[PDB]
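Structure, as structure tokens:
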Amino acid sequence: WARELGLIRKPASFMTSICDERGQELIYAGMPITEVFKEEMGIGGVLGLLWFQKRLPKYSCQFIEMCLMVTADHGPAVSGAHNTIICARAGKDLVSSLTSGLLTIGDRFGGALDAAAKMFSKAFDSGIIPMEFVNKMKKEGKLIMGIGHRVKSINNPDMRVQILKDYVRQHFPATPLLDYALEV
Amino acid sequence: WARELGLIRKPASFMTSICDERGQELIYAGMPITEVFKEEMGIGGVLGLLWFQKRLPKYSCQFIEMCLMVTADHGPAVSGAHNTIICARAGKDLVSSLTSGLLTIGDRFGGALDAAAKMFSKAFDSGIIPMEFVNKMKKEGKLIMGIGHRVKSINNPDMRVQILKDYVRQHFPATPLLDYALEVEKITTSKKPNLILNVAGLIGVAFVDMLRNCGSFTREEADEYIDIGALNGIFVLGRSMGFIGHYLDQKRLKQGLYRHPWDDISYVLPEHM
Amino acid sequence: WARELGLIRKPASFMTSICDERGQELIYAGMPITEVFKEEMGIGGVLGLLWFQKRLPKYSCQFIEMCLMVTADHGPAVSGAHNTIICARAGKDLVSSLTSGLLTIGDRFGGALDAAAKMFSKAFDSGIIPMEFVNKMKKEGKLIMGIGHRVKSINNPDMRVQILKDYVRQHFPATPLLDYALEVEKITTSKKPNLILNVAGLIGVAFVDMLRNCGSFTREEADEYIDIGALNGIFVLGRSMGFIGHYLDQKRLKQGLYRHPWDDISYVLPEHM
Amino acid sequence: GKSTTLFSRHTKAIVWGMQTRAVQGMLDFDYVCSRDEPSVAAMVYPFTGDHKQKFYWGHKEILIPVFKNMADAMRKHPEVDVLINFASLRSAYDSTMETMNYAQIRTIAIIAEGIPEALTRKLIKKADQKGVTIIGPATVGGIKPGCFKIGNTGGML
Ligand SMILES: CC(C)(COP(=O)(O)OP(=O)(O)OC[C@H]1O[C@@H](n2cnc3c(N)ncnc32)[C@H](O)[C@@H]1OP(=O)(O)O)[C@@H](O)C(=O)NCCC(=O)NCCS
Ligand SMILES: CC(C)(COP(=O)(O)OP(=O)(O)OC[C@H]1O[C@@H](n2cnc3c(N)ncnc32)[C@H](O)[C@@H]1OP(=O)(O)O)[C@@H](O)C(=O)NCCC(=O)NCCS
Ligand SMILES: CC(C)(COP(=O)(O)OP(=O)(O)OC[C@H]1O[C@@H](n2cnc3c(N)ncnc32)[C@H](O)[C@@H]1OP(=O)(O)O)[C@@H](O)C(=O)NCCC(=O)NCCS
């Protein structure tokens, strides 16, 4: 009641920036949900709003959705899917099983995206050419994250890579780091 | 300032009853930590303070410790240890691996203690005799939780069960539910030699007996503690030791990323859909 | 049948070293469960068997039990207990609530034990004296993990630290790293009263001393157990007891679903982005 | 000053590179040849840390260590006199020269096909003035039945 009369000040212990739900309309980082839906955003646009607080162009949202599609699943043999299946066959509910699967996502399983981006960006930001980057990684006894496949060597390329690469060619305005990685 | 002067009243959003860290000394459910250690209350006593807010008798504390020791680990083949090993071999930290192992603890894995306690308590609270209980369980198509071992049948009993039974006999004042469970075990071993009282069933019935006969809990308090999952907590805390041991062991052995063999998986996918 | 006849060899995908359950008797690191129980090993002895595969001396086991006791709980204000209480009040089970609380254990909450042990071991192994170590920490703007508490200070000591320190003084054979940490504590307290040795720092340095001087480990074995996160496991196992106590408390108090008040959250959103 | 004997019944080998099938065939040959101990003592692979890898001695499992650096394997295996280099043509030169830095190795087998002839010349010069025999590059290796087998020589069991 003293808060409804403006008699008390209290510091706020938490800060948030992604979503406002106190008001009449749900707001996703400064944008109402009706505005979100009327301009034909999708999972990618809402993801951009919630994670980056930015208005990504339509091709960026479509690319994010494609990235979610290609990484959706890779069979039951991987560590996370194995853990999820073990926890599901133990009679646990959906949240516990998915959680037990997700908790294996880290360096050895599922961290190749972030590691590959980090090391390719670190190389590209420095002036070293791809050949020097390969030699430098060879010298330190460290494999290049993002390079390597059990199959799909030559003339039979990996098809998810092909789809994503073609989309990035034909929609992105500039792909410097992609060209660097392609030279590598 | 308004709260200090007493102008404003604001309800507290949290209630706690197990520990007080505000004061000059840490207090475990009304007992200071120095009093906890001076009274030689081991892990069992601290567990009793933090889980039941009771100072249990020394035999109860030792029994709780024994229950934690018997359930500490049961090899790497179980679901929880398997998940912990997989998460450790994936390079995750201790908390993630132990957590991934613990998340499998539920009805099928690890819930035998609580289920056996609930079943035996439900049978004993009603007036049905052990034979009527066995026949009722058989008629309902339900196996008796806490009955049945894979190898230990007769004259080669489960040694963990024997150790816990000896402690309960020579230390507990009264164990009516344990006697009821042992009558049930006699019936089921007459049926089939290996249908002996598990460590799960023994732990459940002896824990119910401890709650109901240690002299610290009312009947409704013990019933509530069994209902809210105190035995689930006992199993989880005990098995956390083995799970952390498995994580440390996989780290020390420097095991690599695990991928399940393709020949062990039956791929049955839709043809066109 | 082919494996029994020995006609086929198939590599084993897993290695384990802590527990064998295949035989007649359960075995904890090469030691039968009845042998564990008959010579009065406690939670500490079983923990030593499962985590280090070593037969620790009695004082080491008692010190491990004391470490599990002192870190059992520190009230509901900490991040992990907060998360466990929130998840318990959301209607979730014991495993989910305890797990949600445990997942906050890491660098900022609960990681001062392992960081303190690592830093003090690194300082002691190098030839830097405590004064030089404090000055070097000051130069890099890096806080000494295991030093400094808010409520307690000199002339009002942390009593958990006092209990553990007394036990280590009158039971451990040699505590070089503890003495090093005590010299660092004297220097920092002369600098400023609140910069005393924490329970985290004391446990870390005394655990390193126990590993290096109990006689059951070589230098590199103790080093690798410290590195792989044995003290993380010590803190997690200790605090799981308190988190389960908090879950049981919240279930017993019948607390409802929790929602953070809007007036405590500062909303700062883009204009139309 | 080369040696007149270079494979023995009690010879030991370091394998450079991650070649599990080659060393497993080596161990199968050793077991069938009634060897007391396996001929492969350790493996060197710069791209993974020091660990141990499972292998089959007949029907039982043994652990063969794998090292980041040739130095550690060289230090803690003083009984090794043979190195089988599975390094590619780009790293065969450096690996071979680094091996020739160690005097305990009397035999080096080079498997890589396509080493430039000048680098091979320098390898010959270093080996000749170091007294180390070289099973030349672009080879499968060699086999002394009952004693030792290089890599994939003679196929599988
Ligand atoms: C990517 C990388 C692992 C390539 O692996 P590889 O050694 O060429 O092949 P794999 O490790 O997949 O496994 C090799 C074999 O095991 C098989 N295999 C894979 N999963 C299996 C499973 N669950 N069960 C049985 N067999 C399996 C493969 O079919 C392959 O068969 P082959 O021997 O007939 O070729 C390696 O180049 C690398 O680590 N690169 C670093 C960059 C990176 O990490 N990329 C991110 C990964 S998406
Ligand atoms: C426990 C802790 C968070 C309390 O810090 P605090 O309340 O900010 O302490 P202060 O009020 O003195 O503020 C920090 C000041 O003391 C010094 N200080 C605080 N903790 C320090 C430490 N562990 N080592 C060295 N110096 C420290 C800082 O240099 C700073 O000095 P300044 O005021 O001249 O800039 C802090 O001591 C710390 O981070 N300790 C290390 C981590 C740790 O031990 N975890 C807790 C285990 S239960
Ligand atoms: C849906 C249902 C809870 C309606 O809620 P309610 O009790 O009328 O009001 P709320 O639970 O939203 O919250 C009470 C008030 O506190 C306020 N409030 C809610 N969360 C708050 C927070 N975190 N901080 C501060 N204030 C808050 C709300 O604005 C609300 O305003 P009011 O005073 O105008 O009612 C109720 O109709 C119901 O239980 N129905 C069953 C159907 C159901 O469960 N639906 C699921 C909802 S997704």
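Quick note on labels: first sequence line is chain A, next is B, and so on, each numbered from 1.
Note that CZ of C/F235 and CD1 of C/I203 are 9.0 Å apart. Values are rounded to the nearest 0.5 Å. Rounding to the nearest 0.5 Å places SG of C/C61 at 4.5 Å from CE of C/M41. How far CG of B/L94 is from CZ of B/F243: 12.5 Å, rounded to the nearest 0.5 Å. Atom CD of C/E224 and atom CZ of C/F217 lie 10.0 Å apart (nearest 0.5 Å). Summarising the geometry, atom NZ belonging to C/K186 is positioned 15.0 Å from atom CD1 belonging to C/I196; distances are rounded to the nearest 0.5 Å. Note: C/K251 NZ to C/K92 NZ = 10.0 Å, rounded to the nearest 0.5 Å.
No side-chain donor-acceptor contact under 3.5 Å links C/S153 to the backbone of C/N194. Using modelled atom types, one side-chain atom of C/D209 and one backbone atom of C/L178 make a donor-acceptor pair closer than 3.5 Å. Side-chain atoms of B/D249 do not come within 3.5 Å of backbone N or O of B/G245 as any donor-acceptor pair. Not a single donor-acceptor pair under 3.5 Å links the side chain of B/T71 to the backbone N or O of B/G238. In this structure, A/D93 contributes its side chain and A/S96 its backbone to a donor-acceptor pair below 3.5 Å. Within the 3.5 Å criterion, the main-chain N or O of D/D50 finds no donor-acceptor partner in the side chain of B/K254. The backbone N or O of C/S216 sits less than 3.5 Å from a side-chain atom of C/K54, completing a donor-acceptor pair. B/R259 places no side-chain N or O within 3.5 Å of a backbone atom of A/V78 that could act as its donor or acceptor partner. Judged by distance alone, with hydrogens and angles left aside, the side-chain atoms of B/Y28 form no donor-acceptor pair with the main-chain N or O of B/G45 at under 3.5 Å. Counting only distance, with no hydrogens or angles, the side chain of A/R108 and the backbone of B/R89 share a donor-acceptor pair below 3.5 Å.
Looking only at atom types and distance, the side chain of B/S97 has no donor-acceptor partner in the side chain of B/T84 under 3.5 Å away. B/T34 and B/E25 are linked by a side-chain donor-acceptor pair at a separation below 3.5 angstrom, with hydrogens and angles left out of the test. A side-chain donor from one of C/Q62 and C/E65 sits under 3.5 Å from a side-chain acceptor of the other. Between B/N83 and B/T104, the side chains place no donor N or O within less than 3.5 Å of an acceptor N or O (distance only, hydrogens not considered).
Contact annotation: the side chain of C/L202 never approaches that of C/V168 to less than 4.5 Å [non-hydrogen atoms, C-beta and beyond]. Side chains of C/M159 and B/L26 form no contact here, defined as non-hydrogen atoms less than 4.5 Å apart. In this structure, C/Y225 and C/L231 have side chains that are not in contact, with every pair of non-hydrogen atoms separated by 4.5 Å or more. Within the 4.5 Å cutoff, side-chain heavy atoms of C/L237 are placed close to those of C/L47. Between B/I86 and B/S100 the shortest side-chain heavy-atom distance does not fall below 4.5 Å. Contact of the B/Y247 side chain with the B/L98 side chain is not registered, since no non-hydrogen atoms from C-beta on lie closer than 4.5 Å. Inter-residue side-chain proximity for C/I147 and C/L197 is flagged as met; some heavy-atom pair is nearer than 4.5 Å. Counting heavy atoms from C-beta outward, C/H171 and C/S60 have side chains that stay 4.5 Å or more apart.
By the 30° and 60° cut-offs, the orientation of the rings of C/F133 relative to C/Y180 is tilted. Relative orientation of the C/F207 and C/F63 rings is tilted, given thresholds of 30° and 60° on the angle between their planes.
Annotation: A/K142, atom NZ; neighbour count of heavy atoms from other residues, nucleotides and ligands within 6.0 Å does not exceed 12. Taking a 6.0 Å sphere around CZ of B/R22, one finds it holds 12 or fewer heavy atoms contributed by other residues, nucleotides or ligands.
Salt bridge D/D72/D/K68: absent, no basic N to carboxylate O contact under 4.0 Å. Salt bridge B/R252/C/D227: absent, no basic N to carboxylate O contact under 4.0 Å.
Considering all non-hydrogen atoms of both residues, B/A230 and B/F52 come closest at CB-CE2, 4.1 Å. Taking all atoms of both residues into account, the shortest heavy-atom contact from C/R219 to C/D125 is NH1-OD1, 4.0 Å. Heavy atoms only, all atoms of each residue included: B/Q250 and C/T16 are closest at NE2-CA, 4.5 Å. Of all heavy-atom pairs between B/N232 and B/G110, the closest is OD1-O, 4.3 Å. Nearest approach of B/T99 to A/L103, heavy atoms of both residues: CG2-CD1, 3.4 Å. Summarising the geometry of C/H246 relative to C/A81, their closest heavy-atom pair is CD2-CB, 3.8 Å, with the distance given to 0.1 Å.
With ring centers used as reference points, B/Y258 lies under 6.0 Å from A/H82. Checked against the 6.0 Å centroid threshold, B/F37 and C/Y167 do not count as a close aromatic pair.
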Run the numbers on B/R160 and B/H74 for side-chain contact (heavy atoms from CB on, under 4.5 Å), then give the verdict.
CA-CA 12 Å; B/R160 295 178 289 133; B/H74 201 251; 3.7 Å; yes

As a quick check of understanding, evaluate side-chain contact (heavy atoms from CB on, under 4.5 Å) for C/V184 and C/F120, giving each step before the final call.
CA-CA 10 Å; C/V184 174; C/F120 275 99; 4.1 Å; yes

Decide yes or no on side-chain contact (heavy atoms from CB on, under 4.5 Å) for B/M241 and B/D73, but give the supporting numbers first.
CA-CA 7 Å; B/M241 294 177 70; B/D73 198 54; over 6 Å; no

Could you give me the CA-CA distance, side-chain angles and deciding distance for B/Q255 and C/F14, then say whether side-chain contact (heavy atoms from CB on, under 4.5 Å) is met?
CA-CA 8 Å; B/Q255 298 288 299; C/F14 290 81; over 6 Å; no

